[PDB]
Structures are given as C-alpha cells and as structure tokens.
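# Chain and residue survey
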Amino acid sequence: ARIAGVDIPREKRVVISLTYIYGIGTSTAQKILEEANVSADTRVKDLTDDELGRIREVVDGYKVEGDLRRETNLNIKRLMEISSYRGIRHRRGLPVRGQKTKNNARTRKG
Amino acid sequence: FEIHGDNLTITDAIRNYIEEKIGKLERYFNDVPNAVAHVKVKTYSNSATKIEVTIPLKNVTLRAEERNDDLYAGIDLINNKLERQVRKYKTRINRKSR
Amino acid sequence: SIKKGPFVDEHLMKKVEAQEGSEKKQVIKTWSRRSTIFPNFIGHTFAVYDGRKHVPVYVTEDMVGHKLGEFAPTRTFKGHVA
Amino acid sequence: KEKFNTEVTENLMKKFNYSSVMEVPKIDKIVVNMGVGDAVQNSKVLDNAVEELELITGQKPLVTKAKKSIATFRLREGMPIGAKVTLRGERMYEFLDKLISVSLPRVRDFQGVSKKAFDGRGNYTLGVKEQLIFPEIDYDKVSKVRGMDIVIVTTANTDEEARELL
Amino acid sequence: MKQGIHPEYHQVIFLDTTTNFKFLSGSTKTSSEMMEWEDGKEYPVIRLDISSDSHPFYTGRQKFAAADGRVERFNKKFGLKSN
RNA sequence: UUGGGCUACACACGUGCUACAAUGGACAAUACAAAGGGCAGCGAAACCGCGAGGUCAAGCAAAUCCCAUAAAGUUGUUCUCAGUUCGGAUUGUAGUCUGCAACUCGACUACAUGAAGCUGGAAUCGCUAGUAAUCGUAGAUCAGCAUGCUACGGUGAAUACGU
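cryo-EM is the method the PDB entry lists for this structure, together with a resolution of 3.7 Å.

Going by the PDB entry, chain D carries the name 50S ribosomal protein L5 and comes from Staphylococcus aureus. The title given to this PDB entry is "Hibernating ribosome from Staphylococcus aureus (Unrotated state)". Per UniProt, the comment on chain D under Sequence similarities is "Belongs to the universal ribosomal protein uL5 family."

Named according to the PDB entry, chain C is 30S ribosomal protein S19 originating from Staphylococcus aureus. Regarding chain C, the UniProt comment filed under Sequence similarities reads as follows: "Belongs to the universal ribosomal protein uS19 family."

Take a look at the structure:
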C-alpha cells in the first residue's frame, strides 16, 4: 500500500516516494523507475493506472520488506548463537572492526 | 582538578579529605569551575610531603602550595593561605563628580 | 580482506591433516591467529592461545558467524565495571 | 457467504460420527470490543471509526468494579457490538488483513469449549479501507461464537471455511 | 435495525461473472489472484493487493516467493570460499 | 621466541572534526593556483568494472614525463522549509588494496538502514588586513594507514573613537 508494500506518501515526487519503503535508497529508486520509463517531474505524485502495473510489480525485484528486518534478525541471531565473540561486542557499541570506547557512551548505549 | 599523586596512590580517603576542605570555602563563593592538586614525595631524604594547589577563580585564579611532614599537615597548613590569598577582593566604591 | 583467498599457517592444517582421517580427536592446542574456520576443521576441537592460556572451543556445525582467532576477547571482564 | 456453509457443512458431517444435521455447528455471535484506561476526547474517534468499519453503531459501557488506583470510578470505557445476523455471514469474508507480518493466526486456543477464536489487532485496515489518516490506532479485541461444545470442532469448521491455523 | 444510526455507501460497479446485478455487495480489485469478488458488504470498488490467495497464509502453504535464495548463496560461498 | 596488550568503558577534562539547511541540499556543463615527489619510483593513454581497484604498457632521475584534477566559484534544473534529498553517526550485507597475517586492532568501495541535532544556557576563547573566515593542494612519518603536523596557494570583509 499504496502501490507497493506499505506506507506510500501522496502527492509527492517519485524521487523520494519510492524511498520511504523499507529498503529503497536513492539510486535503486532511479533504477526501478528507469525500468518502467517513469520519472517525476517534479514534486508530486502524478500517477495514474497507466504506469501503475509496472510500479506495482517492478518493485517486487527485491526483498524491500519486513523480511529484510527478518533478514537482520535471523543474521544477528546466527551471530549470537555460536559462541559468539562479536555478539558480545554487538552490545558495547562496537562494529566488527572496533571503535575504541571512551566517548561512545553513546547512541548504541545508554 | 586532576588529583594526581606522584609516587603516592590517591585513595578515596585522601579525596574525601580534600574535597571536604574546599567545601568550607562556600563562604566565598563556589562557583566551582575546577580545582587541581599536586602532591609528591620528593626525597631529601627527609623527603617531604609536598602540596601544591591551584584555584581558578572568577576572571582570575589563585595557586597555592606548601611543604610539611605529612599529607594531612600539608593540606592543613596550605589552608589559611588560599583563603587570605582570595579574601579580599572588591568594593570599590563610587564616583565621579564630575 | 585476503587476496583470493582463504588461507592457513600450513602447520595447523598440516596437523589436522593427521587428526582428521581417523577416529577424530576432541583436543587441539594452538596459537591460531593467522588461520580461520573452514569445513575441513569440522568435528574437531580447538583451543587457541588467547595470550595467557588457551581454552576449549569445540567446532560446531555452522560456526560461520565466528572464526578461529578469537572466541573470548582478551579484554576479559570487561575491561570495565559495568 | 453461506454458499460455503453447505460445503464445509458436509466436510464436517463426514468428519465426525454425526448421524443428523442438527448436530452441526453454525455461524454464531461475533462481537467487537474496545476500551481504554480512560478517554475524554479519545472515545469519539474510536466509536466513529467503528461507525465506519461497521455501518451500525455500538454501545457505551460504564464501570462497576470500584477502581481507585488507575483512576476514579464510573469513567466510561469500552465499545461492545453484536454483529449477529447473516450480515455477520458477510463480515466473515472480510479477512483480507495481511498487514505487515500477519503469519500468526493464533492456533493458541480460545475458551476451551467451542469458541476457538482470535483476538485481533490494528485499525490500520481491516481487510479494507486503508485510511492513511489517524489520530491514533488501536488493537481490536474481537471474539467469536459457534454453537457447539468442543473447540476443535470449530477449528476444523472455520479452518475448512478458510482460516489459517499457523 | 433502528432508523437513523445506520450509515450507507456507493462507488460504483458490480461484476462481470454473474448476472449483471449489484447485490449491495463488493467488487474487489487485485493483481496477484484477480478475482472480481462481489463479496463485500459496504462499497464495491476497492483497489487492494491480496485476495487471501497471494500469500501462503490464508489459503495455506504456497511457494509464492523465494524466500529461499539467501540460504543457498552463502552456503556454497563458505562451501567454496569464506571465513 | 609464538600469542596477547599498550585501543577495554558508568563516566569526566582538554583539543579538534561533522551536522543542526534555502546565503542552502540533489543533479548536469564550465573557468582559475602555488608548491613539491619520483628509480625502479612516478605508472600517460587504452582496456575491465557501480567504484575501491585490476590488465597493459609510452615517457621520465626532470623547467621537460608522470604524479594531478584544483575546490570555493560560474552556468543552469530541481528540491520549496519537514527532523526535510537537512542530517550522517549506527549496524549488517557484498567487495578492493596491502600485509605471511586486517577478529581483540588497517583503510576504502557498492547496497541498505537513518541516530541525535534547528545554532547552544551561565561562563568562556582568538583576531587589526590579504588579517580573520572559508575552500583546496602537496610533503614527511610509510608494507599498509593523519578529523594530526609542516609547507603551499585560491577566495576573502566588519572593527580600531579613545585608554
């Protein structure tokens, strides 16, 4: 909903309309619209039924879904299952390369 | 203040003592931006108990030190110095005419 | 990363060569920082020298979100109170 | 619709050791319920939203159990409805409500005698009417009734009338 | 049913499968399983996504999506080369 | 000698960096420097690639050849005041280089995700003209690696009564 997935804004350009869905950025949007030969032009959702089929289906080429949230969940779940020496540093504020905690209180912690 | 101790390990006992004392200056005025303490065992070899203290003030600051036999005597002797080194300042008293 | 590609110290692998064909072992001591998991090491145990003392880690099935070089980071509780 | 009733009717009829038709379940009471800890301006958007989900109104319960810990007493709350006549038999098709991750149709059993039901969630859309204009969403407590005395009878019944178990 | 607390509906069209009536009932637009259901109380024309047959839940199990491709990729990846 | 650690974090101090936006963000075309490195190092063009990079190989111990193309800006288009195309931390996925070796502990590329934050409170710091402020450039330290240091330029004002 509207065309695809969930939570589309109305009367907004394609340039970011296709991006509020969980998994599209900015270039990938430009690709998928380039596939159905569509573009806004300029600040607004001008969409009729004409391009509606392709924008409803061409969006299906990826897992732009809560299944991507599911992808995250199952992957971190694979991490902390094993021993796991990075699921421990997954809680400190540390990615797998390290970040040297002195002023990282912080947004991955409180 | 970086209450650091050269060749003496700052306990909580020492921190408590120190901060406790400077609390008394809330008489004037605290206003607590910062404060420091340098303490050291400098062998003579009678060998010390050195105390040097720093007070940053409103629009100014006042350092203070002193040596004595032991830490507690050094903190008590250096006291009654960084009070009169502070008191007075102001007032100063109005004009011009004309 | 690595230059195409995965690798081993070529003594550890040469050891598990002797360990892995017969009735396998549940015991390997090592140092193992320049070597990492892949499906020949399965069914065995390892104990990488952390820096003070090795400690057992048994190779389980999908130990793939994980590697050989570390399993209990030598910062070791924590380093921090909280 | 009840055109399906004659289908799953006979599937159940062969299922159990029935020997006559009046031994059979039936589409019976559906009811809505809502509620709050308290509402002073909220309840209007609630029972209005219900007044669009269903094209007929609902009730306005008051309080009887002496509550003096969450708020005072007689603070109005709730909104029950009786969606009971073949209209009900048209509401039952209204399941189109895969919203976000609707994969949990809750086989976990309702009341242990011929009530196996689901207490659902989300005003966002109800298989219809994606409004995209809320002041506030709410869960939709919903129960369900069938004329029988054991729950698996209903499980088989409504499952064979296109419910998911899991 | 009382008179004055019951709202109603319109908009617009009925079917192409049965006799060309409108039985005060639905008209459901989908794409996955395009059934033009006249099965819906309030108002017929509706632009929806599922017919309870798209996904593998209402109808039941369906290989409607893969939903498998992730597993096999990295498996042969660390099957051949990784970690 | 092999491995760890010198980098852990409830926190605090200093110092710097980056955001809190239309004087602007996104995108297309286009003009301008200084300095200085290079021997097996500088790797021209071409070729591959979403790019990091990979292939090839002309030239050159330099007024030459290469490194290396300046950014701010100018021309336009759009965005039209949102926590927004602000924002850019976070975490994962897939990769490039180096290193025998990038997990504690290298950088970078592609995809996604989008935290806080609307100019900062009391208090407090520098600066008198090409200065401040801002945008770039190279060099060392070097296998790899600078929000740092040193050096180079581009653009570029307000104030200075009086003591």
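That covers the picture; the talk isn't over yet.
When helices and strands are counted, chain D shows four helices and three strands. The helix and strand sequence of chain D, counted from the amino end, reads α-β-α-β-α-β-α. Out of the 166 residues in chain D, the part that is buried amounts to 32%. If you take every contact in chain D between residues at least 6 apart in sequence, the share linking residues at least 24 apart comes to 62%. Element-wise, carbon and sulfur atoms account for 57% of the exposed surface of chain D, whose accessible area totals about 10000 Å². The distance from the centre of the 27 positive side-chain charges to the centre of the 25 negative ones in chain D is 6 Å.

All names here are of chain B. Summed over all chains, the structure comprises nine aromatic pairs over all chains. Between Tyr17 and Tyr72, the ring centres sit 4.6 Å apart and the planes meet at 90°, which makes this aromatic pair edge-to-face. Here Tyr72 lies in helix α2 (residues 71–78) and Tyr17 lies in helix α1 (residues 12–23), a separation of 55 residues in the sequence. Classification of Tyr17 as buried rests on a relative accessible area of 18%.

Turning to the interface of chain D and chain E, a few remarks are in order. Across the contact, 22 residues belong to chain D and 22 residues belong to chain E. Regarding the contact of chain D and chain E, the summed buried area is about 2100 Å², with carbon and sulfur atoms giving 62% of it. Those elements giving two or more residues to the side of chain D that touches chain E turn out to be α2 (42–53) and α3 (87–91) of chain D. In terms of residue count, α2(D) provides more of the side of chain D that touches chain E than any other element does, three residues in total. Of the residues assigned to the side of chain D that touches chain E, the class counts are nine nonpolar, three polar and 10 charged.

We now examine the interface of chain E and chain A. Counting residues at the interface gives six residues for chain E, matched by four residues for chain A. For chain E, the biggest contributors to the area lost against chain A are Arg47(E), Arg70(E) and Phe74(E); these three give 53% of the whole. Linking chain E with chain A are one salt bridge, by the criterion used here. Salt-bridge contacts for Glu71(A) lead to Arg70(E); the nearest nitrogen and oxygen are separated by 2.5 Å. Between the two partners, chain E and chain A, sit two residue pairs in polar contact.

On to the side chain of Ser47(B). Secondary-structure assignment places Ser47(B) in the loop between β2 (36–40) and β3 (50–57). Residues contacting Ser47(B), with those up to four places away along its chain left out, are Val41(B) and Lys42(B).

Turning our eyes to something else, we now look at the protein's contact with RNA strand F. Taken together, 52 residues lie around RNA strand F, and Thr42(A), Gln99(A), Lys3(C), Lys4(C) and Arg75(C) are the ones closest in. Within 4 Å of the protein, the contacting atoms of RNA strand F are 73% sugar and phosphate, with bases supplying the remainder. In this structure, a sugar or linking oxygen belonging to RNA strand F sits 3.4 Å away from a side-chain N or O atom of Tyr85(A). Here a phosphate oxygen of RNA strand F sits 3.3 Å away from a polar atom, N or O, in the main chain of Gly93(A).

The grouping of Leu104(D), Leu165(D) and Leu166(D) at the surface amounts to a nonpolar patch, some 310 Å² of accessible area in total. Note on placement: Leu165(D) falls in the segment after α4 (151–160).

This part is about the sheet that holds strand β3 (residues 57–58) of chain C. Residues and elements named next belong to chain C. Spatially, three strands are ordered β1-β2-β3 in an open sheet, and the strand pairing comes out mixed. Only two strands of the sheet have a single neighbouring strand rather than two, namely β1 (29–30) and β3. Bridge analysis of β1 against strand β2 (residues 45–48) gives two bridges, and the strand direction is parallel. Its bridge partner lying in β2, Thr30 is registered against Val48.

Along any regular strand the residues' side chains alternate between the sheet's two faces. Residues and elements named next belong to chain C. Here β2 shows a buried face lined by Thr45 and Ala47 and a second buried face lined by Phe46 and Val48. The pairing of β2 with β3 spans two bridges and is antiparallel. From the neighbouring strand, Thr45 faces β3, where its bridge partner is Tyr58.

Residues and elements named next belong to chain D. Evaluation of the coordinates by the stated rule reveals seven salt bridges over all chains. With a closest N to O distance of 2.8 Å, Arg91 and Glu54 form a salt bridge. Note that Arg91 is positioned in helix α3 and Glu54 in the loop between α2 and β2 (81–82), a separation of 37 residues in sequence. One salt bridge connects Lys116 with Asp109, and the closest N-O pair in it is separated by 4.0 Å.

To continue, consider the arrangement of the chains. The interface with the highest contact count, out of five pairs of chains in contact, is the one between chains D and E. Where chain B comes nearest to chain D, the C-alpha atoms are still 45 Å apart, and the two do not contact one another. With no contact formed, the shortest span from any C-alpha in chain B to any C-alpha in chain E equals 47 Å.

Another aspect to go through is α2(B). Residue and element names in this part refer to chain B. Every buried residue of α2 is listed here: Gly74, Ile75 and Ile78. Here the buried residues of α2 occupy an arc of 95° about the axis, which is enough to place them on one side. Residues of α2 that are buried sit in contact with α1, β3 and β4 (60–67). Following α2 by one or two positions, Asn80 adopts a phi angle in the positive range, close to 70°.

In this section: helix α4 (residues 66–82) of chain A. With 17 residues, α4(A) should reach 24 Å at 1.5 Å per residue; the first-to-last C-alpha distance of 25 Å fits that figure. Among the residues making up α4(A), those that are buried are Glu71(A), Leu79(A) and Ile82(A). Each buried residue of α4(A) lies within a common arc of 90° when the element is viewed along its axis, so the set occupies one face. In α4(A), the exposed positions that point more than 90 degrees away from the buried face belong to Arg69(A), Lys77(A), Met80(A) and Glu81(A). On its buried face, α4(A) sits against α1 (69–80) of chain E.

Cut-offs and rules
Residues numbered from 1 in each chain as written, not as in the entry; some residues may be left out. Chains lettered and ligands numbered in written order. Part of a larger assembly, values for the part shown. Heavy atoms only, no water. UniProt positions renumbered as here; feature names shortened; annotations may be inferred. Helix = DSSP H or I, 4+ residues; strand = E, 2+ residues; numbered from the N terminus. Buried < 20%, exposed > 50% of the residue type's maximum accessible area, 1.4 Å probe, protein only. Contact = heavy atoms within 4.5 Å. Areas by Shrake-Rupley, 256 points an atom, 1.4 Å probe, with all protein chains shown as cover. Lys, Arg positive; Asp, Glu negative; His and termini not counted. Charge placed at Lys NZ, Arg CZ, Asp CG, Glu CD. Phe/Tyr/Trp six-rings, centres within 6.5 Å; stacked < 30°, edge-to-face > 60°. Buried area = accessible area lost by both parts, 1.4 Å probe. Nonpolar A, V, L, I, M, F, W, Y, C, P; charged D, E, K, R; others polar. Salt bridge = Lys/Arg side-chain N within 4 Å of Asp/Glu carboxyl O. Polar contact = N/O pair within 3.5 Å; in protein donor to acceptor, adjacent residues only side chain to side chain. Near = heavy atom within 4 Å. Patch = residues over 30% accessible without salt bridge, like charges linked within 9 Å, V, L, I, M, F, W, Y side chains within 5 Å. Pairing = 2+ DSSP bridges. Arc of directions from axis to C-beta. Expected span 1.5 Å × (residues − 1).

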